[PDB]
Ligand SMILES: [Ca+2]
Ligand SMILES: [Ca+2]
Ligand SMILES: [Ca+2]
Ligand SMILES: [Ca+2]
């Protein structure tokens, strides 16, 4: 995965955004940008790649009660345990549409 | 923040997606969906809200060498330490455009 640096040049980082000029398969180059803010997290001082989608390591997702998401999720030890989270924490109803905030 | 459940009904969760029918400010209801996969993470078995954008708790971001993102990031103890991450880990050059994978 990755390896962009091997076929790109003039890379730069401003804030959360990486910009670089990269080689196209069909000759020629293209300059593009990517915002790393959401795919990179700060964990107790060290930059780590954002954790994988939870559906990759959790099963049997259900709505518990009126606003809780419940599931059986894998521990680092590879064992499934019960867990839940209140979606009312961050999911809002903004004029009829569900929005994260 | 949040509190969608107080003005919505017929909520349901399928996989990573929450769907609910919510009250509009201007009378009437609207049914909408939101995918929780990326805003909820599995940390050692418990569902936690995905960590905040790293630019919120990190400063002085720079490109170190050809592919590393370097910065000074806040620890849980509120002290800034040096950290870096190799963007070649997950940032690819897909036919001239930077893409995460
Ligand atoms: Ca509900
Ligand atoms: Ca549970
Ligand atoms: Ca580079
Ligand atoms: Ca550093």
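From the backbone N, Cα and C atoms, a Cβ is placed for every residue, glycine too.
What Swiss-Prot records for B:8-B:22, B:58-B:73 is disulfide bond.
If you take the Cα of residue B:58 (disulfide bond) and the Cα of residue B:22 (disulfide bond), they are about 37 angstrom apart, rounded to a whole number. A Cα-Cα distance of 39 Å separates residue B:8 (disulfide bond) from residue B:73 (disulfide bond).
Within 10 Å of its Cβ, the residue among the disulfide-bonded residues B:58, B:73 with the fewest other Cβ atoms is B:58. Counting only same-chain residues six or more apart in sequence, the Cβ atoms lying under 8 angstroms from the Cβ of residue B:22 (disulfide bond) belong to B:4, B:7, B:8, B:29, B:30, B:31, B:32. A simple way to gauge crowding: the CB of residue B:8 (disulfide bond) has 24 other CB atoms within 10 angstroms, across all the protein chains here.
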